[PDB]
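FYI, it's all coordinate maths here, none of it is from the lab. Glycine also receives a Cβ, built like all others from the backbone with ideal geometry; neighbour counts cover every protein chain displayed.
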Amino acid sequence: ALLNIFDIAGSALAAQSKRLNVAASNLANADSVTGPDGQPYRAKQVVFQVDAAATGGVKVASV
Amino acid sequence: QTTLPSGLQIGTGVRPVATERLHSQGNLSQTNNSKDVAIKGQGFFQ
């Protein structure tokens, strides 16, 4: 449509922002302990996937 | 169930309060003079 380029780029930007936020949160919680209800803190990562509408944007299903 | 109390309490610093003198009994040394006196126990001259 010559306009899905904006959608693809926006999805890429959102995914990169999510990944950066996760990394920053892990760095902040590097030396934390005993979070809520006492369970130890565990690090998290994100998984990128493509939206097969072929060629499509990137999404993050879950952390 | 059992977690840390999760409370914050920041200190401020340290100050000197007093200097106490150990009013113990010191040793006696002989000066051989005839007008020198030494206290055995408690008491102060005036």
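Kirkwood Rh, chain B, all Cα pairs: how many Å?
17.4
What average count of beta carbons from other chains do you get within 10 Å of the Cβ of residues in A:39-51?
Details: counts 1, 0, 0, 0, 0, 0, 0, 0, 0, 0, 0, 0, 0.
Partner-chain Cβ atoms within 10 Å, mean over residues of A:39-51: 0.
Chain A: D in µm²/s via Stokes-Einstein (Kirkwood Rh, Cα pairs, 25 °C, 0.890 mPa s)?
Here the translational diffusion coefficient equals 179 µm²/s.
Spelling out what I want: for every residue of segment A:17-31, take phi, set θ = phi - 60°, compute 6.51 cos²θ - 1.76 cosθ + 1.60 (Karplus), and round to whole Hz; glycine and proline get x.
5, 4, 5, 5, 5, 4, 4, 5, 4, 4, 4, 5, 9, 3, 10
With runs of 4+ DSSP H residues as the only contributors, calculate the mean residue ellipticity of chain A at 222 nm using -39,500 (n - 2.57) per run, divided by the residue total and rounded to the nearest 500.
It comes out at -14000 deg cm²/dmol, rounded to the nearest 500.
Please give the average number of partner chain Cβ atoms lying within 10 Å of the Cβ of each residue in B:2-13, rounded to a whole number.
On the way: counts 3, 6, 3, 0, 3, 0, 0, 0, 0, 0, 0, 0.
Across the residues of B:2-13, the mean count of other-chain Cβ atoms within 10 Å is 1.
Please list the non-local residues whose amide H lies under 5 Å from the amide H of A:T34, H modeled 1.01 Å from N, same-chain partners needing a gap of 5 or more.
A:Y41
Can you give me the three principal axis dimensions of the protein assembly as shown from its C-alpha atoms, in Å, biggest first?
That gives 120, 36, 23 Å along the principal axes, largest extent first.
Kindly rank A:22-34, B:9-21, B:28-40, A:6-18 from highest to lowest mean number of other beta carbons found within 10 Å of each residue.
A:6-18, A:22-34, B:28-40, B:9-21
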